Amino acid sequence: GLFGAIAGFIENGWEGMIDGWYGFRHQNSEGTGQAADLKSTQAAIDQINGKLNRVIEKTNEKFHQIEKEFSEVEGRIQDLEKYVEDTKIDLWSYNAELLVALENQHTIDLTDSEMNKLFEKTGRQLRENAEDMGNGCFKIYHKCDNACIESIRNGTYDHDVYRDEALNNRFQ
Amino acid sequence: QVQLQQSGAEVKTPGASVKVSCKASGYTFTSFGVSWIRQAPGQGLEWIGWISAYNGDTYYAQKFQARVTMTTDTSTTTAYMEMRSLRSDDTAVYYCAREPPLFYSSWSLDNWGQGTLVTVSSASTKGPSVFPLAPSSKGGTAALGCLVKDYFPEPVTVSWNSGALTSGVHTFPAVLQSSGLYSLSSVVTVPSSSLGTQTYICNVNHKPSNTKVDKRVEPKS
Amino acid sequence: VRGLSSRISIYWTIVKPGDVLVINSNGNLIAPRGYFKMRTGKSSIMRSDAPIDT
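What counts, and where the lines are drawn
Residues numbered from 1 in each chain as written, not as in the entry; some residues may be left out. Chains lettered and ligands numbered in written order. Part of a larger assembly, values for the part shown. Heavy atoms only, no water. Residues with missing side-chain atoms left out of burial classes, pairs and counts. Patch = residues over 30% accessible without salt bridge, like charges linked within 9 Å, V, L, I, M, F, W, Y side chains within 5 Å. Areas by Shrake-Rupley, 256 points an atom, 1.4 Å probe, with all protein chains shown as cover. Salt bridge = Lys/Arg side-chain N within 4 Å of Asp/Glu carboxyl O. Helix = DSSP H or I, 4+ residues; strand = E, 2+ residues; numbered from the N terminus. Buried < 20%, exposed > 50% of the residue type's maximum accessible area, 1.4 Å probe, protein only. Contact = heavy atoms within 4.5 Å. Buried area = accessible area lost by both parts, 1.4 Å probe. Disulfide = S-S within 2.5 Å. Pairing = 2+ DSSP bridges. Domains from an automatic or database assignment. Polar contact = N/O pair within 3.5 Å; in protein donor to acceptor, adjacent residues only side chain to side chain. Expected span 1.5 Å × (residues − 1). 1 Å grid on protein atoms, 1.4 Å probe; cavity = no way out; pocket = protein on both sides within 12 Å on 5 of 7 lines; lining within 4 Å. Points joined across faces, edges and corners; volume = space filled by probe spheres on them. Nonpolar A, V, L, I, M, F, W, Y, C, P; charged D, E, K, R; others polar.

Method of determination, as given in the entry header: X-ray crystallography; reported resolution: 2.850 Å.

The name the PDB entry assigns to chain C is Hemagglutinin HA1 chain, from the organism Influenza A virus. Here the PDB entry's recorded title is "Crystal Structure of Broadly Neutralizing Antibody CR8020 Bound to the Influenza A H3 Hemagglutinin".

The name that the PDB entry assigns to chain B is Antibody CR8020, Heavy Chain, with the source organism given as Homo sapiens.

Here it is as structure tokens:
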């Protein structure tokens, strides 16, 4: 992608996350777990849906049509009819091909973006109590039980509480 | 189509062992876990345990901690559940259901195997005896049937006129007698008039005992 | 064709409101019995052998 997160520094996807597009896996004293993140999953979904509807909306062509097939050779007028229709068809084919390409490149870049944003957000929350391992995982330098992990996932995590423990653990 | 395919029904005597199999297909097998859950006849669901086909982690309900071990085989994409030192109350249907690859994850048991019935009994195999339930009216609607008694293990098939008779028929769930053998009755409601003309034959098929029997019902005055 | 070497040439004429139709012939006329009402709209024709369904 453009942000190099998905198929980026994030090694691979989790096929076992059936409840969302993005999420957290964690490891702590209690065990390990995997949970989806609704807010970003829905961000991406909403965008892609909006896009989809923009593409399939009111795209139908309605007006009276000339004769597009001919039994007997004629001359000028028919040569012209055919030419008009061929030109039309080529232009529309091109429009379609281009549309699909731009759209798809964008869809990929945008999803990449969402992943990366969720990541930067998490990090900013963790403040100085964690380090960025580089694979999309954070090392948390204090004991963090399940409640605390959830507190990070739901945005209420208060770093000042664990700051001393964490710093102490990082720098010695 | 994310199918979990479970092994055949088992019949074991107390003290024995059983190992049940689940063959998963339609998804990447090592991306998920598998969780075992049993249900005794006419009872609720009880969670036996969980295992990760991903990291090999294991979580057992305290109850089955001792007697049960869960395994997985990645090359066959297959999960196994082994229970040792069987008692008779272990009789139940055992289900294998797909779960998250890590334990403290956020969804649950999204796909279920068909389940496999494990019966723990000291009773040796036996075919059913079939007796008639004969109609008599005090010109109306009358009832008749078949008593299929003392067989083992379940199941039993029952049909009427080799399938030609359906409407008005009721085959009751088997009941388990003190002896350790099952019994059940099949019953039909038919017009009393057709009693004297048409023939009624009940076809009982007990697969495990290799028994197929046909009986008929007449009043006998 | 159809057992005859003699034919008919067909012609049409549109008459607008406030205009008159005039017909003059010394022979060889297949005359109109009246007219067809002209409508403006979305109607058209199509060549197909596809069966029609409900």
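A. Main features of a nonpolar patch on the surface. Residue and element names in this part refer to chain A. Taken together, the side chains of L52, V55, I56 and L99 present a nonpolar region at the surface, about 330 Å² in accessible area. Top element by residues in the nonpolar patch is helix α1 (residues 38-56). It accounts for 3 residues. Tracing the chain through its elements places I56 in helix α1. Classification of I56 as exposed rests on a relative accessible area of 55%.

B. Seen up close, the interface of chain A and chain B. Each partner contributes to the interface: chain A provides 14 residues, whereas chain B provides 17 residues. Overall, the association of chain A and chain B removes approximately 1,100 Å² of surface from exposure, summing both partners, and the carbon and sulfur fraction of that is 50%. Together, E15(A), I18(A) and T32(A) form the three largest contributors to the area buried by chain A at its contact with chain B, with a combined 42%. Counting across the interface, chain A meets chain B through 0 salt bridges.

C. Representation of the state of the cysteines in the model. Applying the stated criterion to the full structure yields 3 disulfides over all chains. Paired through a disulfide, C144(A) and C148(A) show a sulfur-sulfur distance of 2.0 Å. One quick way to see it: the torsion about the S-S bond of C144(A) and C148(A) is about -85 degrees, and its sign makes the bridge left-handed. Comparing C144(A) with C148(A) shows no difference in burial state: the two are buried. Between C22(B) and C96(B) runs a disulfide, and the two sulfur atoms are separated by 2.1 Å. Taking the sign of the torsion about the S-S bond as the criterion, the disulfide between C22(B) and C96(B), at about -85 degrees, is left-handed.

D. Region of the structure containing the pairing of strand β8 (residues 78-83) of chain B. Residues and elements named next belong to chain B. Of the strand pairs in this sheet, strand β3 (residues 18-25) and β8 are connected by 6 bridges, and their pairing is antiparallel. Bridging across to β8, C22 finds its partner in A79. Between strand β7 (residues 68-73) and the antiparallel strand that follows it, β8, lie 4 residues; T77 among them carries a positive phi value of about 45 degrees.

E. Representation of the domain arrangement of chain B within the structure. Residue and element names in this part refer to chain B. Annotation of chain B at the domain level lists domain 1 (2-122) and domain 2 (123-221). On the domain 2 side, the residues contacting the 4 residues of domain 1 number 6 residues. Roughly 360 Å² of surface becomes buried between domain 1 and domain 2 when both sides are summed, with 60% attributable to carbon and sulfur atoms. Of all residues in domain 1, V11, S121 and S122 give up the largest surface area on contact with domain 2, accounting jointly for 69% of the area buried on that side. On inspection of domain 1 and its partner domain 2, the count reaches 0 salt bridges. In this structure, the connection of domain 1 to domain 2 is made through 2 residue pairs in polar contact.

F. Expanded view of the environment of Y95(B). Residues and elements named next belong to chain B. You can see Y95 is positioned in strand β9 (residues 92-99). As a C-alpha pair, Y95 and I48 span 47 residues in sequence and 9.7 Å in three-dimensional space. Those residues in contact with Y95 that sit more than four places away from it in its chain are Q6, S35, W36, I37, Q39, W112, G113, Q114 and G115.

G. Representation of helix α4 (residues 159-171) of chain A within the structure. Residues and elements named next belong to chain A. With 13 residues, α4 ought to run about 18 Å at 1.5 Å a step, and its terminal C-alpha atoms sit 17 Å apart, in line with that. Taken together, the buried positions of α4 are occupied by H159, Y162, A166 and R170. Looking at the buried positions of α4, the neighbouring elements they touch are α2 (76-126), β3 (130-132) and α3 (146-153). At the N-terminal boundary of α4, the capping side chain belongs to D158, with an oxygen 3.2 Å from the backbone nitrogen of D160.

H. The pattern of salt bridges, seen in detail. Applying the stated criterion across every chain yields a total of 19 salt bridges over all chains. In this structure, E131(A) and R170(A) form a salt bridge, with 3.0 Å as the shortest nitrogen-oxygen distance. Of this pair, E131(A) sits in strand β3 while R170(A) is found in helix α4, placing the two residues 39 residues apart along the sequence. Close ionic contact of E82(B) with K19(B) constitutes a salt bridge, the shortest N to O distance being 3.3 Å.

I. Molecular detail of the side chain of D90(B). Residues and elements named next belong to chain B. Here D90 lies in the loop between β8 and β9. Given the relative accessible area of 0%, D90 is considered buried. Engagement of the side chain of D90 in a polar contact is seen with the side chain of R38, the distance being 3.0 Å. For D90, the side chain forms a polar contact with the main-chain nitrogen of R87, separated by 3.0 Å. Look past the residues within four positions of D90 in its chain and what remains in contact with it is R38, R67, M83, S85 and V118.

J. Main features of the layout of surface pockets. Residues and elements named next belong to chain A. Volume-wise, the largest pocket comes out at about 1,400 Å³. As for the largest pocket, its lining consists of 43 residues, of which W14, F24, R25, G136 and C137 are closest to the centre. For the lining of the largest pocket, the secondary structure elements donating two or more residues are β1 (23-28), α2, β4 (138-140) and α3. A per-class count over the lining of the largest pocket returns 21 nonpolar, 17 polar and 5 charged. Here the second largest pocket is characterised by a volume of approximately 1,000 Å³. Grouping the constituent residues of the lining of the second largest pocket by class yields 16 nonpolar, 4 polar and 3 charged.

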